[PDB]
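First the structure, in the form of C-alpha cells, and then the observations on it.
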Amino acid sequence: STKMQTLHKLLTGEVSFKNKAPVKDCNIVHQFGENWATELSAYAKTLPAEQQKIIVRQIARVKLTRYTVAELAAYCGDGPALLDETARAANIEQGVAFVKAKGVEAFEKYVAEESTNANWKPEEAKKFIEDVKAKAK
Amino acid sequence: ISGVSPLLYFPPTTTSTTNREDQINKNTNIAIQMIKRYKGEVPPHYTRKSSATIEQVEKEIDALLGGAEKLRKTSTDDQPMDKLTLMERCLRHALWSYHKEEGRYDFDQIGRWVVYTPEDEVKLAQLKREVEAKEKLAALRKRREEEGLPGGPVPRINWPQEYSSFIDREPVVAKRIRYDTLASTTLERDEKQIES
Amino acid sequence: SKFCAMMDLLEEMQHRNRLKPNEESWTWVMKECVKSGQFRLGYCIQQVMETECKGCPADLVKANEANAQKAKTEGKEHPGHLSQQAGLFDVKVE
Amino acid sequence: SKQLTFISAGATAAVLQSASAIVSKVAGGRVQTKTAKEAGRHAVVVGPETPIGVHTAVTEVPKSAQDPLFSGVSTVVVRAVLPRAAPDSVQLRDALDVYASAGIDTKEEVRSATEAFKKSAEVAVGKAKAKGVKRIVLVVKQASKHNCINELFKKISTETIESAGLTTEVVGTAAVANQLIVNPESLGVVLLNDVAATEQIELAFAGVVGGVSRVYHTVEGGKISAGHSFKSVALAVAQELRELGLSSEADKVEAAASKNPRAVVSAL
Amino acid sequence: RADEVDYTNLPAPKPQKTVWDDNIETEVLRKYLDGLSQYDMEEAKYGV
Numbered sequence: 021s022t023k024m025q026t027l028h029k030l031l032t033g034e035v036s037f038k039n040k041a042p043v044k045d046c047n048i049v050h051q052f053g054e055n056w057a058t059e060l061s062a063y064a065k066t067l068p069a070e071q072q073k074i075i076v077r078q079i080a081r082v083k084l085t086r087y088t089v090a091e092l093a094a095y096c097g098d099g100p101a102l103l104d105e106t107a108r109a110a111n112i113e114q115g116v117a118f119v120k121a122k123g124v125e126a127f128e129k130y131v132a133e134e135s136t137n138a139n140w141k142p143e144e145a146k147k148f149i150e151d152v153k154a155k156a157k
Numbered sequence: 017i018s019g020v021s022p023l024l025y026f027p028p029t030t031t032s033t034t035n036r037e038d039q040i041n042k043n044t045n046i047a048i049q050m051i052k053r054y055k056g057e058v059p060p061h062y063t064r065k066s067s068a069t070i071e072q073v074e075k076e077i078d079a080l081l082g083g084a085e086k087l088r089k090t091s092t093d094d095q096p097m098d099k100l101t102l103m104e105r106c107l108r109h110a111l112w113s114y115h116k117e118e119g120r121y122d123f124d125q126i127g128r129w130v131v132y133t134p135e136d137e138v139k140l141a142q143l144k145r146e147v148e149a150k151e152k153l154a155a156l157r158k159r160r161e162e163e164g165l166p167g168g169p170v171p172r173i174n175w176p177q178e179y180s181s182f183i184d185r186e187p188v189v190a191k192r193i194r195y196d197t198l199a200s201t202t203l204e205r206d207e208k209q210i211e212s
Numbered sequence: 095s096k097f098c099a100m101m102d103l104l105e106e107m108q109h110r111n112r113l114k115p116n117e118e119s120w121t122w123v124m125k126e127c128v129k130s131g132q133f134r135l136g137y138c139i140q141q142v143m144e145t146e147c148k149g150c151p152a153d154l155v156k157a158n159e160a161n162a163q164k165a166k167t168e169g170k171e172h173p174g175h176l177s178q179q180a181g182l183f184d185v186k187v188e
Numbered sequence: 002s003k004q005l006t007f008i009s010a011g012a013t014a015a016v017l018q019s020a021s022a023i024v025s026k027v028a029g030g031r032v033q034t035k036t037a038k039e040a041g042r043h044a045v046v047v048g049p050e051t052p053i054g055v056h057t058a059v060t061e062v063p064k065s066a067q068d069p070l071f072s073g074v075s076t077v078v079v080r081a082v083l084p085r086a087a088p089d090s091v092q093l094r095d096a097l098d099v100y101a102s103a104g105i106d107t108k109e110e111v112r113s114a115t116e117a118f119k120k121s122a123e124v125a126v127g128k129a130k131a132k133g134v135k136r137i138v139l140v141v142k143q144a145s146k147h148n149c150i151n152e153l154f155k156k157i158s159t160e161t162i163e164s165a166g167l168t169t170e171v172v173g174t175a176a177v178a179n180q181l182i183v184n185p186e187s188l189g190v191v192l193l194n195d196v197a198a199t200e201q202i203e204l205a206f207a208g209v210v211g212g213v214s215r216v217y218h219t220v221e222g223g224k225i226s227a228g229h230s231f232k233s234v235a236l237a238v239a240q241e242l243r244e245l246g247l248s249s250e251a252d253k254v255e256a257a258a259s260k261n262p263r264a265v266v267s268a269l
Numbered sequence: 208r209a210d211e212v213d214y215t216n217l218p219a220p221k222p223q224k225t226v227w228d229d230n231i232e233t234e235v236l237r238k239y240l241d242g243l244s245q246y247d248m249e250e251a252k253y254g255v
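Residue numbers (the authors' numbering), protein chains in the order written: chain h, 21 to 157; chain d, 17 to 212; chain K1, 95 to 188; chain g, 2 to 269; chain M1, 208 to 255.
Below, the structure is given as C-alpha cells:
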C-alpha cells in the first residue's frame with residue numbers, strides 16, 4: 021500500500037526524491053521496479069475517476085521522459101504519438117550508415133556491444149540488426 | 017543503466033565530408049581574431065631614420081669587436097668591467113633581444129647576452145620549455161597524421177564501465193558525443209598567418 | 095607488477111636462503127623489463143648483470159634502448175606533472 | 002504581390018520543399034514566397050538553428066493544437082537570444098565568457114548582452130502580466146564554464162523583473178526540463194538563458210506538446226514564425242498567412258496539420 | 208513489521224573524473240583538458 025501511495029504522490033509531484041533528482045522513467049524503474057507501470061495501473065483502479073485519469077496521464081508523460089532532451093527535440097517535432105516511429109527510423113538510418121561505412125562483421129560486434137550496454141534483449145537486438153540489414157538491400 | 021534504452025548508440029558522424037583544410041582555416045581565423053583583440057590595435061606606424069639590415073648590423077658589430085680582441089682582457093665577474101666588455105654586452109644584448117622578438121630562438125646565446133636577472137632566467141626557462149614542447153607536439157601530430165590516427169586528443173576511458181556505473185544513459189551519451197566530436201576535429205591553426 | 099614479485103623472490107633466495115642468483119635469473123628479469131616497457135629498470139638490471147654476471151644479452155640491451163628512444167620521440171620520458179613548473183605557494187600539499 | 006520570407010537554419014531540404022509546396026498550393030500564387038537569410042516581418046524560419054536578427058524566442062501552447070496528453074496546460078517558455086554573428090566569428094554567448102578568462106576587455110559585449118537580456122526580460126514580464134502570474138522561473142545552466150554569461154543574465158533579468166514588481170525563481174537546466182516535460186502545469190512563465198542546452202529544451206517542449214510554431218521577436222520590431230518539423234512548419238505557415246490577413250486558408254492548413262502531420266501538403 | 212525502504216532515497220551518481228593519456232599533446236592542453244573534466248563532473252552532478 022505504501023509503495024503505491026508513494027508512487028502516486030511522486031508522479032503527481034507532491035513527493036520529491038531525496039536529492040530533488042528529476043522524476044524520470046529510469047529512476048522510477050531503479051527504485052520501484054521494472055514493472056512499476058503495471059502495478060500502478062492495477063492500483064489506480066481502486067481510486068476515483070479523476071485520480072485514474074491523472075495516473076494515466078502521468079504515466080504517459082513519464083514514458084515520453086524516457087528519451088533525452090536532444091532526441092525529443094530532433095524526433096518529437098511532429099507530435100509525441102509519432103515520436104517512437106521517427107526515433108526508430110533515425111536509429112535504423114544510423115545503422116545503415118554504419119554498415120556502409122565499416123562493413124558488417126564490425127557492425128554486428130558493435131550492435132552486440134551496444135545492446136549489452138544498452139540493456140537490450142537479444143531478441144530485440146537480433147530484430148534490429150536484421151531490419152537494418154534488410155533495409156540495406 | 018537500468019531500463020531498456022530506445023536506441024543503440026552510434027557514432028555521431030553525420031558530417032561525412034569535413035575537409036581538414038576548412039577546419040584549420042576556421043581555427044586560424046578565430047585565432048587571428050582573438051590575437052587582435054588581446055593585443056588591441058596594431059601600433060602606429062614608424063618610419064626608420066636610417067636603412068640597414070639586421071645581418072649588416074651584426075656583421076658591423078662583429079667587425080667592431082674583432083679588432084679589439086687582443087686588447088680585450090677577461091676578468092672575474094665581480095671585478096669591474098672594461099670599455100670593450102661593456103660595449104660587447106650592450107650590443108649583443110640589443111641584437112639578441114631583437115632576434116628573440118623576431119623569432120630566431122637561439123637559447124645558447126640568449127642565455128649569455130640577455131640573462132642578468134633571476135626573473136630573466138625564469139622567463140628564459142619558461143620560453144625554453146614552450147618552444148621545445150611545440151616542436152615535439154608538431155612532430156607527433158605530423159607523425160600521427162601520417163599513421164592515420166585521429167588528430168584530436170582521446171581520453172583514456174572504458175565506456176563499458178561508464179555505462180555500468182551511471183544509472184541514466186543521458187549524461188553518458190552526452191559525454192560520448194562530445195569526445196567523439198572532439199576526436200574527429202583537428203585542433204590546429206595556420207601558424208604562417210599567425211606569425212604574419 | 096611482475097618485476098616487483100621477481101625481485102622480492104630473488105631477495106628471499108639470496109638473503110633468507112643463501113643462494114646466489116645465476117645468469118638465468120637476471121635474464122628473466124631483464125626480459126620482463128623489456129616486455130613491460132619499463133626502460134629505466136632495464137638500465138639498472140643491465141648494470142647488475144654487467145657487475146655480478148658477465149655482461150647482458152646484447153639483444154635485450156638494444157631492445158631497452160629502442161623503448162627508451164621511443165619515449166623520447168613520444169615525450170613519455172618522465173611523467174608530465176613533474177615537468178610542470180611550480181612555486182612555494184603553487185604546490186598542492188594533499 | 003505580397004512576399005513571404007523563408008529562412009533556412011539547419012533544416013533539411015525536405016522540410017523546406019514541403020513548406021514551399023504547402024504555401025504555393027494553399028495561397029494559390031497571390032503571395033510570392035522568396036528565400037533569404039534575415040527578415041523582420043512576414044518571415045518563417047525552418048530548422049533548429051537560430052536565425053540572424055532575433056532577440057526573443059517565445060513559445061506557448063496554442064489551444065487548437067493541444068495534444069490530448071497535454072490538454073489544458075498553459076505555460077510560456079521564452080528563450081533569450083543574443084545577437085548572432087557570422088558562423089565563423091565567435092558568438093557573443095561564448096565570447097562573453099572566454100574573453101574574461103583571457104583578460105580581453107568585455108565592455109561592448111557586456112553592453113550588447115545587457116540590451117538583449119533587458120528586451121527578453123521585458124517580453125517575459127509582459128507575458129507574465131498578461132497571464133496574471135506573480136512569479137517567473139529563470140533557467141540558467143549551472144556548468145562552471147558558463148559562470149559569467151549566466152551571472153549577467155541573472156543580475157539583469159532579476160533586476161528588470163523586480164523593477165516590474167514580480168518575483169523570480171532561479172533554477173538549473175535538468176530539473177526544469179524534467180518538470181516541464183512531466184509536470185508543466187506548475188510553471189506559468191519560464192525564461193531561459195542563451196545556451197545550446199536551453200535551445201534544445203525549447204525545441205523538446207515545442208515538440209512534445211504536439212508540434213507548435215515558435216515566435217521570434219527581432220531587433221527591428223515584429224514577430225516571425227519558426228518551425229522545425231512538418232507539423233510545426235505547417236502551423237508556422239498557417240499563423241503567417243493569418244497575419245497577412247487570410248483566415249480560411251489558415252484554418253485549412255491548421256486542420257490539415259492536425260489530421261496528417263507528416264503529409265499535410267497532400268492531405269489538404 | 209518495521210520500516211522496509213525509502214523509495215524517495217536515491218543513490219547519488221558517483222562521478223569519475225576523466226583521465227587523459229600523458230603525452231606532449233596533453234601537457235600543451237593541460238589547462239583546456241582540465242576544464243573539460245571539470246565541466247564533465249559538473250554535468251554529472253547536476254544531471255545535464
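Idealized CB from N, CA, C, for every residue including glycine.
query: Cβ atoms of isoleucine 150 (chain g) and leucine 97 (chain g): under 8 Å apart, would you say?; result: yes
query: Looking only at its own chain, which residues have a Cβ that is under 6 Å from the Cβ of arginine 88 (chain d), when we skip the five neighbours before and after it?; result: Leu100
query: Of all the options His175 (chain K1), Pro115 (chain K1) and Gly136 (chain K1), which has the alpha carbon lying nearest to the alpha carbon of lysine 125 (chain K1)?; result: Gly136 (chain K1)
query: When DSSP builds the beta bridges, which residues end up paired with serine 9 (chain g)?; result: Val47 (chain g)
query: Give the DSSP-derived three-state secondary structure of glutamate 171 (chain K1) in the structure shown.; result: coil
query: Fully enclosed by the stretch 193-239 of chain g, which beta strand (DSSP E) runs are 3 residues long or longer?; result: 215-219 and 224-228
query: Please list the terminal residues of the continuous alpha helix (DSSP H) segment that includes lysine 29 (chain h).; result: 22-32
query: Could you check the C-alpha separation between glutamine 18 (chain g) and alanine 239 (chain g) for me, to the nearest Å?; result: 16 Å
query: With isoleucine 173 (chain d) as the anchor, note down where its alpha helix (DSSP H) starts and where it stops.; result: It is not in any alpha helix (DSSP H) - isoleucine 173 (chain d) carries neither H nor E in the DSSP assignment.
query: What alpha helix (DSSP H) runs, 4 residues minimum, are completely inside the stretch 221-249 of chain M1?; result: 231-235
query: Please classify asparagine 137 (chain h): is it buried, with 16 or more other beta-carbons within 10 angstroms of its beta-carbon, or exposed?; result: buried
query: Note down, in chain order, all residues in the stretch 169-189 of chain g with a beta-carbon under 8 Å from any beta-carbon belonging to chain d.; result: none
query: So which of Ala69 (chain h), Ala132 (chain h), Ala121 (chain h) and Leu30 (chain h) has the shortest CA-CA distance to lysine 146 (chain h)?; result: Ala132 (chain h)
query: Less than 8 Å between CB atoms is the rule here; does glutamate 250 (chain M1) satisfy it with respect to chain d?; result: yes
query: Does DSSP classify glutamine 33 (chain g) as helix, strand or coil?; result: strand
query: Between which residues of its own chain and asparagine 45 (chain d) is the CB-CB distance below 7 Å, once the five residues before and five after are set aside?; result: none
query: Which residues in chain h sit within 7 Å of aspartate 68 (chain g), going by Cβ to Cβ distance?; result: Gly99 and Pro100
query: What is the C-beta distance between residue 38 (chain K1) and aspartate 229 (chain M1), in whole angstroms, given that I count them as a contact (C-beta under 8 Å)?; result: Because chain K1 spans 95 through 188 in this model, residue 38 (chain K1) falls outside it and cannot be assessed.
query: Which residues, in chain order, does the stretch 33-51 of chain h contribute to contact with chain g at a C-beta distance below 9 Å?; result: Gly33, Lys40, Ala41, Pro42, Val43 and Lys44
query: Who are the near neighbours of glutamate 241 (chain g) in its chain, counting only those whose CB is closer than 6 Å to its CB and skipping five residues on each side?; result: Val45 and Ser226
query: Using 7 Å as the cut-off, classify the Cβ of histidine 175 (chain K1) as near or not near the heavy atoms of the ligand MG, replying yes or no.; result: Absent from the structure shown: the ligand MG. Ligands present: none.
query: Spatial neighbours of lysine 35 (chain g) within its chain, please: CB distance less than 8 Å, with the 5 preceding and 5 following residues excluded, ordered by chain position.; result: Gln4, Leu5, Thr6 and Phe7
query: Is it the case that the stretch 111-130 of chain g contacts the stretch 162-175 of chain g, given that we only count it when at least three CB pairs across the two stretches are under 8 Å?; result: yes
query: Using a Cβ-Cβ cutoff of less than 8 Å, which residues in the same chain neighbour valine 142 (chain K1) once the five nearest sequence positions on both sides are dropped?; result: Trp120
query: Which one or two residues does DSSP pair with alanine 58 (chain g) in a beta bridge?; result: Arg80 (chain g) and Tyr217 (chain g)
query: Who are the neighbours of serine 145 (chain g) on chain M1, taking C-beta pairs under 7 Å?; result: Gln245, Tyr246 and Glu249
query: Listed in chain order, which residues of the stretch 37-53 of chain d have Cβ atoms closer than 8 Å to some Cβ of chain g?; result: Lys42, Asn45, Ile46, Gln49, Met50 and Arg53
query: Apart from the five residues on each side of it in sequence, which residues of its chain come closer than 7 Å, Cβ to Cβ, to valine 171 (chain g)?; result: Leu139, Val141 and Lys155
query: Candidates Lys156 (chain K1), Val123 (chain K1) and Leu104 (chain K1): which alpha carbon is nearest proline 115 (chain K1)'s?; result: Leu104 (chain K1)
query: Taking one C-beta from the stretch 24-34 of chain g and one from the stretch 49-64 of chain g each time, how about it: are there three or more such pairs within less than 8 Å?; result: no
query: What residue range does the alpha helix (DSSP H) around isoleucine 40 (chain d) cover?; result: 36-55
query: Does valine 209 (chain g) get closer than 8 Å to chain h when you measure Cβ to Cβ?; result: yes
query: Just the Cα atoms here: how many angstroms apart are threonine 58 (chain h) and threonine 13 (chain g)?; result: 40 Å
query: Name the residues in the stretch 63-89 of chain h whose C-beta lies less than 7 Å from a C-beta of chain d; which are they?; result: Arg86, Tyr87 and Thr88
query: Closer than 7 Å by C-beta to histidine 109 (chain d): which residues in its own chain qualify, once you throw out the five before and the five after it? Chain order, please.; result: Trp129 and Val130
query: For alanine 138 (chain h) and chain A, any beta-carbon pair shorter than 8 Å?; result: Although the question refers to chain A, the structure presented lacks it and instead comprises the protein chains h, d, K1, g and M1.
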